[PDB]
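Report on the structure given below.
Virtual Cβ from ideal backbone geometry, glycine too; neighbours counted across all protein chains shown. Values quoted throughout were computed directly from the atomic coordinates according to the rules given, and no laboratory measurement underlies them.
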Amino acid sequence: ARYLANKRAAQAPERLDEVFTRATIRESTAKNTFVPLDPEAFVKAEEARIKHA
RNA sequence: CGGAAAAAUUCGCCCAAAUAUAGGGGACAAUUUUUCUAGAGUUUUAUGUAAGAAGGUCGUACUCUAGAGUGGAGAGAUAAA
Ligand SMILES: [K+]
Ligand SMILES: [K+]
Ligand SMILES: [Mg+2]
Ligand SMILES: [Mg+2]
Ligand SMILES: [Mg+2]
Ligand SMILES: [Mg+2]
Ligand SMILES: [Mg+2]
């Protein structure tokens, strides 16, 4: 019983009055932590070689 | 003691104890793996510069010697001697 009660609370939904009152944070900033490789990493590297030469 | 974004492992950490069997949660922590470039470095003779060291010099003054030099009784010192 002590385990179910504690596990239920840690995975409970936020309060409604907390949802309809808290300001908005764009998901582009609050969830985009992953940093992928530059898709143009190969094109840029080929242009940087020409400019450096 | 110390970056970024992920992953494996410990199950550290937390529920959480009774020195807790067995599990759950994944932010953080430890070992490790793969990527990243903001820290740290390398190249592109920088400029500027009384850091350092070696081998040689220059000059102003000083000093000694010589010219039986010129001159012929003072000089120097001190607040004064
Ligand atoms: K665990
Ligand atoms: K863990
Ligand atoms: Mg790499
Ligand atoms: Mg690069
Ligand atoms: Mg740098
Ligand atoms: Mg120079
Ligand atoms: Mg004479």
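Annotations for the structure displayed:
- A single member of A:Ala30, A:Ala5 is within 11 Å of RNA strand B (Cβ to nearest atom), aliphatic (A, V, I, L, M) and either at negative phi or in contact with a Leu (Cβ under 7 Å, 6 or more places away or on another chain) (or both), and it is A:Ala5.
- Residue among A:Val35, A:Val43 that is within 11 Å of RNA strand B (Cβ to nearest atom) and free of Cβ contacts under 8 Å to residues at least 60 places away in the same chain: A:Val35
- When the stretch A:22-52 is filtered for residues that are loosely packed, with under 10 Cβ neighbours inside 10 Å and among the β-branched types (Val, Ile, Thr), the ones remaining, listed by number, are A:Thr24, A:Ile25, A:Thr29, A:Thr33, A:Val35, A:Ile50.
- Filter result (of a type in the set (D, E, K, R) and not in a loop (DSSP other than H, G, I, E, B)) within the stretch A:9-34: A:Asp17, A:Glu18, A:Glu27
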